[PDB]
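All residue numbers in this chain count up from 1 along the given sequence. In what follows, every heavy atom counts, from backbone to side chain, and hydrogens, waters and symmetry copies are set aside.
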Amino acid sequence: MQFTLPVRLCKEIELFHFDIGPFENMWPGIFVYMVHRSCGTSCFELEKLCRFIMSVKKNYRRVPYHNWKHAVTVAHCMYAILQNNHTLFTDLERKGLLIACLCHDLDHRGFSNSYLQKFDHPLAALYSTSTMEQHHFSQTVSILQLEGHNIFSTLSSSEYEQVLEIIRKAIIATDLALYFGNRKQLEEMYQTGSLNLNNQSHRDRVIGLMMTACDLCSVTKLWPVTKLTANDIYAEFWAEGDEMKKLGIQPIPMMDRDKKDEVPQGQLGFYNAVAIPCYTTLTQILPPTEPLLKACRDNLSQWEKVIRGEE
Ligand SMILES: Cn1ncc(C(=O)NCc2cocn2)c1C(=O)Nc1ccn2cc(-c3ccccc3)nc2n1
Ligand SMILES: [Mg+2]
Ligand SMILES: [Zn+2]
């Protein structure tokens, strides 16, 4: 019992810039298709996988950007990295990473770690750093322990502990505050030539950068997809900005809808300070991911065109 996709999706799903489409009822099948080719038809009991996916879906909320569509989109980018780097990854890693990507923003509310801390949200007392990401990992373990939801139950005890450790580090790594130092370290290790993928602490860092790259992959799509998704991410930013103003705090300009006019220039900074560096170091470490760097640079050039009034 293979999942099969229509011809256009069967071909395009293999490309980094694939968009999973507006038909929500096809996303679970798209995810299972990706597991079956990335991992095998044996990796998970279908009965259990199908029941884990629908529970994960139910625990994503109807926010403009940090939604179920984002979860599946970030898993597809991971699928494309793993398929283009066949022999670099263990079987456990292939299992753990697609599930980590699907779960990485579980129960997100559309608000940053900073807003939780200024609101004095209970989650900010339970987890002093990576507040939302520790919550996402907590929600992932909860769903795994629902009767009939243990997709890993047929792993050995220690293989089980290793896969939950991969998922945990992978989801904490999607805290962008940690990405800056993670990428500097990987930069120095690759340039001085000390990078060693048989060193666990090095693999961990490489997997963390892959998680940042999949997470940000909305900047790697065709320009029409990237530009329409930018509206979703700004609708969350500006809602958070409005909530900052209700706590009596001027938000950062990213979050102030009154400074919308300056979005193009704020996207440039973001591509230059975060996205380009991310995909460059990733392309240095895993050369076949170069199409993500090339699509990101194409989108930087479309924002330069917006600023020159040519759109
Ligand atoms: C975290 N994170 N994750 C994803 C994205 C994102 O912006 N991804 C880009 C994207 C997602 O989907 C389609 N495109 C970001 C991010 O911090 N962006 C940013 C970062 C800095 N800024 C500054 C401004 C801005 C806007 C208006 C006026 C003045 C300044 N604007 C920004 N925006
Ligand atoms: Mg997140
Ligand atoms: Zn995310």
Side-chain angles (χ1 to χ4, degrees), residues 1-60 62 64-86 88-89 91 93-106 151 210-211 213-233 279 282 286 288-296 298-299 302:
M1 273 207 234
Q2 287 328 212
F3 282 72
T4 65
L5 298 182
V7 166
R8 189 195 57 84
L9 276 84
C10 177
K11 299 191 179 158
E12 259 105 314
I13 195 175
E14 295 304 318
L15 311 182
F16 283 97
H17 61 264
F18 186 59
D19 175 83
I20 60 170
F23 298 104
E24 301 208 340
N25 299 147
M26 284 175 82
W27 303 336
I30 287 167
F31 185 76
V32 175
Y33 183 87
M34 284 186 306
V35 174
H36 285 168
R37 290 188 89 255
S38 238
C39 196
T41 55
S42 48
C43 282
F44 305 116
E45 222 256 64
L46 200 59
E47 218 186 276
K48 286 181 166 250
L49 185 65
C50 280
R51 199 163 33 247
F52 179 82
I53 290 170
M54 291 321 282
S55 281
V56 172
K57 163 186 171 92
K58 186 197 306 133
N59 278 277
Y60 275 91
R62 302 195 169 101
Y65 179 81
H66 291 102
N67 62 37
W68 173 232
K69 201 185 191 167
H70 169 66
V72 182
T73 289
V74 166
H76 161 269
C77 190
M78 179 65 68
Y79 163 82
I81 291 171
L82 293 169
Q83 286 304 254
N84 280 271
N85 297 276
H86 177 40
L88 282 96
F89 294 100
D91 321 30
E93 293 184 338
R94 275 198 256 81
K95 285 180 217 213
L97 290 180
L98 288 164
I99 296 286
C101 286
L102 198 72
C103 299
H104 81 283
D105 272 320
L106 263 167
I151 61 179
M210 287 167 63
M211 295 291 303
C214 299
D215 202 13
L216 297 182
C217 76
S218 280
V219 301
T220 71
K221 305 305 187 180
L222 290 205
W223 166 244
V225 179
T226 298
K227 175 188 163 212
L228 291 170
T229 316
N231 294 329
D232 304 327
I233 203 190
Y279 293 115
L282 179 67
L286 301 176
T289 67
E290 186 189 2
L292 295 164
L293 176 49
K294 161 181 184 317
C296 176
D298 284 336
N299 283 325
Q302 294 302 300

- [ ] Could you tell me which residues satisfy side-chain hydrogen bond (donor to acceptor under 3.5 Å, both in side chains) with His104, sequence neighbours excluded, listed by chain and number?
- [x] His70, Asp215

Open item on the list: Restricting to side-chain hydrogen bond (donor to acceptor under 3.5 Å, both in side chains), what partner residues turn up for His66, sequence neighbours left out?
Closed with: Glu236

Hey, are the side chains of [X] and [Y] touching, using non-hydrogen atoms and a 4.5 Å cut-off?
{"X": "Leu293", "Y": "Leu282", "answer": "no"}
{"X": "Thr229", "Y": "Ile233", "answer": "no"}
{"X": "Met78", "Y": "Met211", "answer": "yes"}
{"X": "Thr220", "Y": "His17", "answer": "no"}

From [atom1] ([X]) to [atom2] ([Y]), nearest 0.5 Å:
{"X": "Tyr60", "Y": "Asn67", "atom1": "OH", "atom2": "CG", "value": "9.0 Å"}
{"X": "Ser218", "Y": "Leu228", "atom1": "OG", "atom2": "CG", "value": "11.0 Å"}
{"X": "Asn231", "Y": "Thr226", "atom1": "CG", "atom2": "OG1", "value": "11.5 Å"}
{"X": "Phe18", "Y": "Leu222", "atom1": "CZ", "atom2": "CG", "value": "11.5 Å"}
{"X": "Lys95", "Y": "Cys43", "atom1": "NZ", "atom2": "SG", "value": "4.5 Å"}
{"X": "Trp68", "Y": "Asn59", "atom1": "CH2", "atom2": "CG", "value": "10.5 Å"}

Can you name the side-chain contact (heavy atoms from CB on, under 4.5 Å) partners of [X], sequence neighbours left out?
{"X": "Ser38", "answer": "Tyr79, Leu82, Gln83, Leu98"}
{"X": "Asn85", "answer": "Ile81, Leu88, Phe89, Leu286, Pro288, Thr289"}
{"X": "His36", "answer": "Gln2, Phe3, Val32, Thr41, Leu46"}

Open item on the list: Once side chain to side chain donor-acceptor pair (under 3.5 Å) is applied, what residue pairs with a partner in residues 19-35 remain, sequence neighbours excluded?
Closed with: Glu24-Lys57

TODO: Keeping to residues at least two apart or across chains, list the salt bridge (charged side-chain N to carboxylate O under 4.0 Å, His left out) pairs with something in residues 4-15.
DONE: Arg8-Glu12, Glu14-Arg37

Task: salt bridge (charged side-chain N to carboxylate O under 4.0 Å, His left out): pairs with one or both residues in residues 25-36, sequence neighbours excluded - done: none

- [ ] Kindly check if the number of other-residue, nucleotide or ligand heavy atoms within 6.0 Å of NZ (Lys69) is above 12?
- [x] yes

Open item on the list: So does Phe16 get a backbone contact from the side chain of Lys221, meaning a donor-acceptor N/O pair under 3.5 Å?
Closed with: yes

TODO: Tell me, please, which residues at least two apart from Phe44 pass ring-ring contact (aromatic ring centres under 6.0 Å, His included).
DONE: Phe152

Please identify each residue that fulfils salt bridge (charged side-chain N to carboxylate O under 4.0 Å, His left out) with [X], with sequence neighbours left out.
{"X": "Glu45", "result": "none"}
{"X": "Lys48", "result": "none"}
{"X": "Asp298", "result": "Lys294"}

Identify the heavy atoms of [X] and [Y] that sit nearest to each other, and give their distance.
{"X": "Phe52", "Y": "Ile151", "value": "CB-CG2, 3.7 Å"}
{"X": "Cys77", "Y": "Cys217", "value": "SG-CB, 3.7 Å"}
{"X": "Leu102", "Y": "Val56", "value": "O-CG1, 3.8 Å"}

Open item on the list: Using side-chain contact (heavy atoms from CB on, under 4.5 Å), reason through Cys10 and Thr4 one step at a time and then give a plain yes or no.
Closed with: CA-CA 7 Å; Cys10 177; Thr4 65; over 6 Å; no

